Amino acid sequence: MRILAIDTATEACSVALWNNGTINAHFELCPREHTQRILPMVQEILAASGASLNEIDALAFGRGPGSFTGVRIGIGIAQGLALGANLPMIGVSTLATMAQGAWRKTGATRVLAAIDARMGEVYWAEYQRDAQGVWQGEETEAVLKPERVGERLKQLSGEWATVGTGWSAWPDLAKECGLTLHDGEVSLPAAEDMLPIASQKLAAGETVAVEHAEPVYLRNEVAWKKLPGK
């Protein structure tokens, strides 16, 4: 039940460790500095709780969506660690992670997660916590134009908490939607909030060998046109 979690998918860099009945965590804003901070942070959290990497039962990583570069830094570091220590990996959604954060901070059980995807779009999800603490709604994850999000909100009901930089970019996203929106108090994912999700997946056998780890980019359109005739 020893789980190490790492994340670099957004402007934040964070690591957290569940070990011997305690949770240790570190979170900082690291714009442009992820590659300089992440391994020192992993080394630090491991050393602090007197844990060796090969004593870890599972390595959780922020799978995306987020910055393409950041998502890849996260999976790349996680893969090296997991390959090196033969650890199973658990990919955790950045969107679900922030939902868990809203619950931790505000008790929110229904969360509208939006990440600024750039190019006038957001990464979007609707997450709702069940009685067992499991966030339902993974199938809703998508990259969407704000107009499409607005249409979607008119199909939802009741009270929701908002999390993510997508709301920072587009705070008017839910204008005339008829929902009751609360601030979920989370703009960026923290590895600390990956841990309960990871622990659920571990118990369910939903881990993967290092060679099976995959990022979730959501935006998969290439941004360059093929040559004429292709």
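The first residue of the shown sequence is 1; numbering continues from there.
Open item on the list: Quick check: 73-81 versus 117-125, which has the larger average CA B-factor in the record?
Closed with: For C-alpha atoms only, the mean B-factor is higher in 117-125.
- [ ] Higher average CA B factor in the deposited record is what I'm after, so tell me if that's 203-211 or 14-22.
- [x] Between 203-211 and 14-22, it is 14-22.
Open item on the list: Just to confirm, going by the entry's C-alpha B-factors, which of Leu153, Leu87, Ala102, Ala142 comes out highest?
Closed with: When the deposited C-alpha B-factors of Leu153, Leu87, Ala102, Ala142 are compared, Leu153 is largest.
Task: Relative C-alpha B-factor of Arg63, binned into the chain's lowest, middle or highest third - done: Lowest third.
Open item on the list: Based on the deposited C-alpha B factors for this chain, I'd like to know if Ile6 is in the lowest, middle or highest third.
Closed with: Tercile = lowest for this residue's CA B-factor.
Task: Lowest, middle or highest third - CA B-factor, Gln136 - done: Ranked within chain, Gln136 CA B lands in the middle tercile.
Task: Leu195 CA temperature factor, ranked by third within the chain - done: According to the entry, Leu195 has a C-alpha B-factor in the chain's middle third.
Open item on the list: Per the entry's values, where does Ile38 land by CA temperature factor relative to the rest of its chain, in the lowest, middle or highest third?
Closed with: Its C-alpha B-factor, which the entry lists for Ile38, ranks in the middle third among residues of this chain.
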